[PDB]
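Below is one structure, written out as structure tokens; the observations come after it.
2 protein chains.
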Amino acid sequence: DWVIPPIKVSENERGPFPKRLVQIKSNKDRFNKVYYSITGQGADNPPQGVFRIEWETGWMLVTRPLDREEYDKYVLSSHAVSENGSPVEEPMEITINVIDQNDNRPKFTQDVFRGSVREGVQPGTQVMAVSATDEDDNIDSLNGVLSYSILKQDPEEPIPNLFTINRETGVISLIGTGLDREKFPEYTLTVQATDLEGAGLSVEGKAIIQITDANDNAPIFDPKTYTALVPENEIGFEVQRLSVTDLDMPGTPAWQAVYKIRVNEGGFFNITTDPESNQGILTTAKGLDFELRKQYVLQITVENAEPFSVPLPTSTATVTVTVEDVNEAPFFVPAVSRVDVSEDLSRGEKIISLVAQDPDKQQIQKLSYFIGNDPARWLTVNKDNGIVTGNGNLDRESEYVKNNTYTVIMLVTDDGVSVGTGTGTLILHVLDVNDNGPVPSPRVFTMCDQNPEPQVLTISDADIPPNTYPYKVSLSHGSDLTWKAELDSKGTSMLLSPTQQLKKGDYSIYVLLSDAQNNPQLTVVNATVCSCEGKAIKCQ
Amino acid sequence: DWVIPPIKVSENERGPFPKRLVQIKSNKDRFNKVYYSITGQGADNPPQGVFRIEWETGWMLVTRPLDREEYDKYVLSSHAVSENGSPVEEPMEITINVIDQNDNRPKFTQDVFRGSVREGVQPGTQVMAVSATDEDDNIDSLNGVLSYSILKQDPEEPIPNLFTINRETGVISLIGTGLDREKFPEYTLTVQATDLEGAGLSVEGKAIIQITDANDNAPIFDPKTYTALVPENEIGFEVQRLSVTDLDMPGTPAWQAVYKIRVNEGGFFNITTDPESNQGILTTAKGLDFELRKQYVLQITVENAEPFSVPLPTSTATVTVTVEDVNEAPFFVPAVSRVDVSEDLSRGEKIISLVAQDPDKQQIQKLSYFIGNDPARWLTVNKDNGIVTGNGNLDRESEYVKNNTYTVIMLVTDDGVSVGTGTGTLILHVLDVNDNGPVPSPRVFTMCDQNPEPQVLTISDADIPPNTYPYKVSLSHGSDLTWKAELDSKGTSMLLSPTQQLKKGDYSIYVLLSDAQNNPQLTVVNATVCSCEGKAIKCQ
Ligand SMILES: *[C@@H]1O[C@H](CO)[C@@H](O)[C@H](O)[C@H]1NC(C)=O
Ligand SMILES: *[C@@H]1O[C@H](CO)[C@@H](O)[C@H](O)[C@H]1NC(C)=O
Ligand SMILES: *[C@@H]1O[C@H](CO)[C@@H](O)[C@H](O)[C@H]1NC(C)=O
Ligand SMILES: *[C@@H]1O[C@H](CO)[C@@H](O)[C@H](O)[C@H]1NC(C)=O
Ligand SMILES: *[C@@H]1O[C@H](CO)[C@@H](O)[C@H](O)[C@H]1NC(C)=O
Ligand SMILES: *[C@@H]1O[C@H](CO)[C@@H](O)[C@H](O)[C@H]1NC(C)=O
Ligand SMILES: *[C@@H]1O[C@H](CO)[C@@H](O)[C@H](O)[C@H]1NC(C)=O
Ligand SMILES: *[C@@H]1O[C@H](CO)[C@@H](O)[C@H](O)[C@H]1NC(C)=O
Ligand SMILES: *[C@@H]1O[C@H](CO)[C@@H](O)[C@H](O)[C@H]1NC(C)=O
Ligand SMILES: *[C@@H]1O[C@H](CO)[C@@H](O)[C@H](O)[C@H]1NC(C)=O
Ligand SMILES: *[C@@H]1O[C@H](CO)[C@@H](O)[C@H](O)[C@H]1NC(C)=O
Ligand SMILES: *[C@@H]1O[C@H](CO)[C@@H](O)[C@H](O)[C@H]1NC(C)=O
Ligand SMILES: *[C@@H]1O[C@H](CO)[C@@H](O)[C@H](O)[C@H]1NC(C)=O
Ligand SMILES: *[C@@H]1O[C@H](CO)[C@@H](O)[C@H](O)[C@H]1NC(C)=O
Ligand SMILES: *[C@@H]1O[C@H](CO)[C@@H](O)[C@H](O)[C@H]1NC(C)=O
Ligand SMILES: *[C@@H]1O[C@H](CO)[C@@H](O)[C@H](O)[C@H]1NC(C)=O
Ligand SMILES: *[C@@H]1O[C@H](CO)[C@@H](O)[C@H](O)[C@H]1NC(C)=O
Ligand SMILES: *[C@@H]1O[C@H](CO)[C@@H](O)[C@H](O)[C@H]1NC(C)=O
Ligand SMILES: *[C@H]1O[C@H](CO)[C@@H](O)[C@H](O)[C@H]1NC(C)=O
Ligand SMILES: *[C@H]1O[C@H](CO)[C@@H](O)[C@H](O)[C@H]1NC(C)=O
Ligand SMILES: *[C@H]1O[C@H](CO)[C@@H](O)[C@H](O)[C@H]1NC(C)=O
Ligand SMILES: *[C@H]1O[C@H](CO)[C@@H](O)[C@H](O)[C@H]1NC(C)=O
Ligand SMILES: *[C@H]1O[C@H](CO)[C@@H](O)[C@H](O)[C@H]1NC(C)=O
Ligand SMILES: *[C@H]1O[C@H](CO)[C@@H](O)[C@H](O)[C@H]1NC(C)=O
Ligand SMILES: *[C@H]1O[C@H](CO)[C@@H](O)[C@H](O)[C@H]1NC(C)=O
Ligand SMILES: *[C@H]1O[C@H](CO)[C@@H](O)[C@H](O)[C@H]1NC(C)=O
Ligand SMILES: *[C@H]1O[C@H](CO)[C@@H](O)[C@H](O)[C@H]1NC(C)=O
Ligand SMILES: *[C@H]1O[C@H](CO)[C@@H](O)[C@H](O)[C@H]1NC(C)=O
Ligand SMILES: *[C@H]1O[C@H](CO)[C@@H](O)[C@H](O)[C@H]1NC(C)=O
Ligand SMILES: *[C@H]1O[C@H](CO)[C@@H](O)[C@H](O)[C@H]1NC(C)=O
Ligand SMILES: [Ca+2]
Ligand SMILES: [Ca+2]
Ligand SMILES: [Ca+2]
Ligand SMILES: [Ca+2]
Ligand SMILES: [Ca+2]
Ligand SMILES: [Ca+2]
Ligand SMILES: [Ca+2]
Ligand SMILES: [Ca+2]
Ligand SMILES: [Ca+2]
Ligand SMILES: [Ca+2]
Ligand SMILES: [Ca+2]
Ligand SMILES: [Ca+2]
Ligand SMILES: [Ca+2]
Ligand SMILES: [Ca+2]
Ligand SMILES: [Ca+2]
Ligand SMILES: [Ca+2]
Ligand SMILES: [Ca+2]
Ligand SMILES: [Ca+2]
Ligand SMILES: [Ca+2]
Ligand SMILES: [Ca+2]
Ligand SMILES: [Ca+2]
Ligand SMILES: [Ca+2]
Ligand SMILES: [Ca+2]
Ligand SMILES: [Ca+2]
């Protein structure tokens, strides 16, 4: 058909109501009276009564103002019946479009936006982002397009133009330079959005930016030069602690100190760090020792764990140390294999005039010499002059003496001012003299009767050679009660044989030898005889 | 709206009734049950029940056959109410048109049409006009248009195609030739009219034509030659009547005869016409007279009053007349101043031998002569010979005779066969003779005594001159008793005087005269005298 165009109507209209929109006519009215009515939402349906028609003229009206924001369009159905009561025309659809008007102010997405950036970054860096909206049209008008802006950053210091915002997108960026968490950490700037691309109505928001941290700062010592005293030897011990103040953020690696000495003399120092006021705690690496050095001039520089965000001054601490003195024990010089001395020494004679030395050249402390180790008592010391003399009777020949030795240990004490011990061994070579003289091996026989065979006997000397070289056998009172002497060819033994057919048991034979001579006297080597033929038998 | 088209329905429909026309639906039926009804003429209004609707389906039906001729259209109103009882749709107008069907035969305007035309007219002449009608449509179909025609003229003689009719208009015209009122005056022809321009149904009428009259005919005499007898003189009189027969229409000028003679001899004839059988009535114009003519051959032609509608033969009647004779009176020839005759005629002498003449030469009829007029008896006639003689004594001298005349009239009579008179005057010159003689004037005197003066006396003669010429006086016995005679110079008188002194009265004197002589004797002229002197005095 020839339909009927949609009807545009403005919003928030205002004048004298009613307002005729249009007029409709059924031509089938030649016959009876026609009754015009109309139906739909806004008509008889909810919102009832916005539009109504004059049953007799065919006029359509808007009865009151409208807000497209509420309902932006309506569709209606129109009718025409006869007085008799019958419909005449197939109904007719009707449309109305509600044209937008700038009745709406915009509104920010949130009531407050927050942001953060680091202090050391470069100009032209994107920080935050902000939103807002207008409910009016924005597809055929500007009643709903906004334009963003900024008008007041607080801390109007260092300067007041650190940022800008993209008018269309509302994004903010760092424009200037001079950000420092250490002086001004959080800005609060006021934003506004406007109707018709900055032309219409405006509103406010608030965005707040916190500033991350940077290693803008270096560490600073609170003393620059310290001093402490120290002892030579127990040690590995705490000398002095140090103080400092970095200014970036505390629990952070831009706040933790790292040290080191420049030069470690004997490399006898270690230094650690501590999460207190991360003071510098210095200590001794390997004890000290001395009388060698009293002075210690060393320097320690301090850094952070992480590198610096800028060239900065490295700052050292210069420190002086002094070693207190402890006084140590003295010592005999050697451990003496000294005196190759003979057995004939006169009880009270100079053996070893000895001396001991003591470390501490503070030496105005003497000591006393004491002896100590010990198989039995011979020797003697002058305690205030360390003089070892030889008292007593010695005898290389016999008991304690093991290999050609006699080892003895002695002491010495550090007095004068405190304490001390000195353990020193002393081996002294004893010597030989020909003391003893020759002696027979077996002392009792068992001779036989009829024809006894030679009674083997031998010789032994306690002395050391030559002193036991060859012999000379001799028979004293009974050199004839019949007894005849004899030597083995290979030196050592002697052959003892009677020369008479003598008696039934129990009787001695006086013996007498010599080796350089010395002559011993020996003696009786008794002789038990019991009935027989010729071989030395078990007796009775 | 989207209305609803008119519904065409045929007429005189026929099949199984009902017949669904259309179905209607209210869409507002989602809510309750809707009740369909319908109203109007043909519905609930007169013709009630032609159409009805099914309250529950919405079907509309035609219940029975229809005739557009009765009602050619219907308009209806449809309704729809809810069960609860409320109307839902404004009613709806409904229309039905009833399409025509050839159910109607045509019909003539009148039951019989009449007409008339004159016999002598020319082919291609409009006569009558005829009408008729069909009641079916004639504006979209041919169910109502007719075509006219003819199929039977009676008097299928002279020929049978004297006319035609205009098929579309129904007008009739003369097509042929030969119309004669005189033989066939009234035709009766049958006409027909037809459906669909001569295609559908047909009917009959009747038209009757009478034929006016024309002067097709001339007049015809019934005798062709007549005869009649006639008398000379009373006259102006009816000779003979004539018969004829024209054949056109009687009371009409195409039936009235007009005559005339060809040649009117002395122009003594008139002829009129008469509304009887309009015979020719001939008569005498001015008496006749004769003995001059006996024969009359004349001719009379006859026409009509109005000219002829065609060349025709003029027909004459030839007629013969004969004049009977009447015999008239005779006549003396003149009226005579004849006879200068003298007074001395001898009683019985020829004066006037006269004759008279009579007209009719049939003359074997004589007459008798009689006299008639009259102062006294002298003359005489021979009656059978007309001879006037003179008997008697005449005398020019005296009484009847006036101027020198004597007039007399006489007669004569026509006998022999019938009657007659003849009046003729007659003057006859009488003559003079000297009869008488002289005579004295006074006859008695009165003379005087002493001295009487002359007594005058005179003379007179009865005669005519010379006969009275001069005198001669004479005195007889007393020529002396004293008396002396005398004449006047101028002739006539005489002087009478005595010569004696004589006596006293009473006495005569004898006188005597003459004129040729004749001599009279006169006489006594007495004389009375009485006393005196000299003048003739009165006496005593
Ligand atoms: C930003 O927020 C802080 C915290 O309240 C406030 O003290 C300061 O004034 C605001 N503006 C700037 C530029 O710091
Ligand atoms: C020396 O060392 C001591 C240790 O107690 C310290 O207090 C002092 O500051 C250092 N410097 C000097 C000059 O004494
Ligand atoms: C670190 O020590 C310096 C030296 O006096 C001082 O100026 C600074 O304020 C100290 N740091 C802090 C946080 O006080
Ligand atoms: C202190 O500094 C030294 C030198 O680098 C390092 O080895 C040590 O681990 C530090 N102490 C601590 C607790 O970090
Ligand atoms: C530390 O060493 C420096 C370098 O010679 C010296 O001046 C100072 O006296 C020493 N000790 C102290 C107490 O500073
Ligand atoms: C000698 O030195 C040895 C080796 O230590 C030791 O066993 C002995 O007791 C010391 N004295 C003597 C008499 O041998
Ligand atoms: C010296 O050392 C000895 C070891 O034999 C010890 O018993 C003694 O206590 C020490 N003397 C002193 C004075 O400290
Ligand atoms: C020295 O004396 C000390 C103290 O008893 C002892 O421990 C040590 O064994 C002794 N000997 C030596 C050779 O120092
Ligand atoms: C040997 O025997 C004798 C005889 O009785 C006796 O006197 C002596 O003591 C014994 N031994 C020695 C070595 O004299
Ligand atoms: C016409 O009418 C006359 C009068 O009745 C009738 O006699 C005649 O037959 C009809 N037809 C004609 C052609 O004369
Ligand atoms: C003569 O006249 C008479 C008159 O009576 C008439 O009857 C007759 O027809 C006429 N013709 C002849 C030849 O007689
Ligand atoms: C007129 O006279 C003629 C002559 O005989 C005749 O033929 C005719 O019929 C007459 N007219 C009439 C109407 O009779
Ligand atoms: C008869 O004919 C004569 C000749 O024309 C005419 O004068 C006369 O009037 C006619 N008579 C009648 C009655 O028409
Ligand atoms: C009439 O006149 C004609 C013409 O001569 C003649 O023949 C006839 O006899 C006359 N009279 C009669 C009686 O016809
Ligand atoms: C003569 O004629 C006259 C004239 O008519 C007449 O009067 C008279 O009577 C006649 N007779 C005589 C005698 O005169
Ligand atoms: C002749 O005429 C006379 C006139 O005087 C008349 O009296 C008479 O009757 C007539 N005679 C005859 C015979 O008719
Ligand atoms: C002749 O006679 C007739 C008949 O009386 C008369 O009338 C007439 O006057 C007479 N006279 C003449 C001259 O005819
Ligand atoms: C005249 O008189 C005389 C005398 O008496 C007488 O006789 C006579 O008659 C008279 N007259 C005449 C004419 O005679
Ligand atoms: C010093 O002592 C600390 C503590 O035991 C140890 O971990 C470190 O290895 C030593 N040396 C250094 C150079 O720090
Ligand atoms: C000082 O030395 C440190 C390393 O010990 C270094 O990191 C720092 O950058 C140096 N100072 C300068 C100004 O370069
Ligand atoms: C510490 O002090 C000493 C002496 O003044 C100097 O040699 C050393 O360089 C100093 N360290 C610093 C960082 O100044
Ligand atoms: C530490 O500081 C001293 C004095 O200020 C300087 O001479 C030395 O070079 C510095 N040490 C380092 C490693 O930077
Ligand atoms: C004594 O000192 C010596 C060094 O000559 C050593 O060999 C020996 O073991 C020491 N003996 C003791 C008990 O100290
Ligand atoms: C005695 O001398 C030997 C050889 O020098 C030596 O090796 C040994 O240790 C010493 N003492 C002993 C009991 O062998
Ligand atoms: C003849 O007589 C009639 C009748 O009086 C008259 O009217 C007519 O004029 C006369 N003459 C003619 C020629 O008809
Ligand atoms: C004969 O004469 C009449 C007039 O008297 C005339 O009207 C008629 O036409 C004539 N006949 C013919 C054939 O012309
Ligand atoms: C009448 O008859 C006479 C004689 O036959 C003739 O001369 C005349 O012409 C006739 N008239 C007619 C019309 O024939
Ligand atoms: C009348 O008829 C006669 C004879 O038929 C004819 O000779 C004559 O010419 C006719 N007269 C007229 C006037 O036609
Ligand atoms: C007689 O006839 C004559 C003709 O001469 C005439 O003059 C006169 O009048 C007539 N008299 C009478 C009485 O007829
Ligand atoms: C006599 O004659 C005269 C003259 O002719 C004439 O005129 C007269 O009529 C006659 N009669 C009379 C009485 O005069
Ligand atoms: Ca709004
Ligand atoms: Ca809006
Ligand atoms: Ca807006
Ligand atoms: Ca900074
Ligand atoms: Ca730092
Ligand atoms: Ca920082
Ligand atoms: Ca030391
Ligand atoms: Ca020391
Ligand atoms: Ca010491
Ligand atoms: Ca010894
Ligand atoms: Ca020895
Ligand atoms: Ca020896
Ligand atoms: Ca019909
Ligand atoms: Ca029809
Ligand atoms: Ca029809
Ligand atoms: Ca005719
Ligand atoms: Ca005629
Ligand atoms: Ca006719
Ligand atoms: Ca005559
Ligand atoms: Ca006659
Ligand atoms: Ca006669
Ligand atoms: Ca006479
Ligand atoms: Ca005479
Ligand atoms: Ca005379």
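Quick note, the sequences are listed as chains A and B, same order. For the first sequence, PDB author numbering assigns the number 1 to the initial residue and increments by one for each residue that follows. For the second sequence, PDB author numbering assigns the number 1 to the initial residue and increments by one for each residue that follows. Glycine is no exception: its CB is placed at the ideal position from the N, C-alpha and C atoms.
The DSSP-derived three-state label of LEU522(A) is strand. The C-alpha of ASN385(B) lies about 49 Å from the C-alpha of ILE281(B).
Residue pairing by DSSP puts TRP59(A) in a beta bridge opposite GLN23(A). In this structure, the C-beta of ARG241(A) stays at least 7 Å away from each heavy atom of ligand 36.
Taking a 10 Å sphere around the C-beta of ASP360(B), we find 16 or more other C-beta atoms and assign the residue as buried. Contacts with chain A at 8 Å (Cβ-Cβ) do not include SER149(B). Going by C-alpha positions, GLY266(B) is about 57 Å away from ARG114(B). Residues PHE17, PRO18, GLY49, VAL50, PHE51 and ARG52 of the same chain have their beta carbon placed closer than 7 Å to that of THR63(B), with the five preceding and five following residues left out of the count. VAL456(B) is not a Cβ neighbour of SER497(B), given a cutoff of 8 Å. For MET92(B), the chain A residues whose Cβ falls inside 7 Å of its Cβ are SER82, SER86, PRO87 and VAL88, in order along the chain. Around the C-beta of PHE108(B), 16 or more other C-beta atoms lie within 10 Å, and the residue is accordingly described as buried. Taking 8 Å as the cut-off, the Cβ atoms of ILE159(A) and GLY176(A) count as close.
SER77(B) has a beta carbon lying within less than 8 Å of a beta carbon in chain A. A straight line joining the alpha-carbon of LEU247(A) with that of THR125(A) spans about 25 Å. Looking at the DSSP output, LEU367(A) shares a beta bridge with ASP414(A). Listed in chain order, the positions of the region 2-31 of chain A with a beta carbon within less than 7 Å of a beta carbon of chain B are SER26, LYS28 and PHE31.
Each residue's CA atom was taken as its position, placing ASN278(B) and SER243(B) some 8 Å apart. Boundaries of the alpha helix (DSSP H) around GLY198(A): 195-198. Residues of chain A whose Cβ lies closer than 7 Å to the Cβ of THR39(B) are, in chain order, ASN84. Exclusion of the five residues before and after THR314(B) leaves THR301 as the residues of its chain whose Cβ lies within less than 6 Å of its Cβ. Between ligand 18 and the CB of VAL339(B), the shortest heavy atom gap is not smaller than 7 Å.
In the three-state reduction of the DSSP assignment, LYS224(B) falls in the coil class, being assigned neither a helical nor a strand state. Residue pairing from DSSP places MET92(B) in a beta bridge opposite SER78(B). Annotated as proximal: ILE38(A) and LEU76(A), with beta-carbon spacing under 8 Å. With a threshold of 7 Å, the Cβ atom of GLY420(B) counts as near ligand 51, since some heavy atom of the ligand is closer than that. One alpha carbon belongs to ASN143(A), the other to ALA43(A), and they sit about 29 Å apart. Under the three-state reduction of DSSP output, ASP180(B) falls in the strand class.
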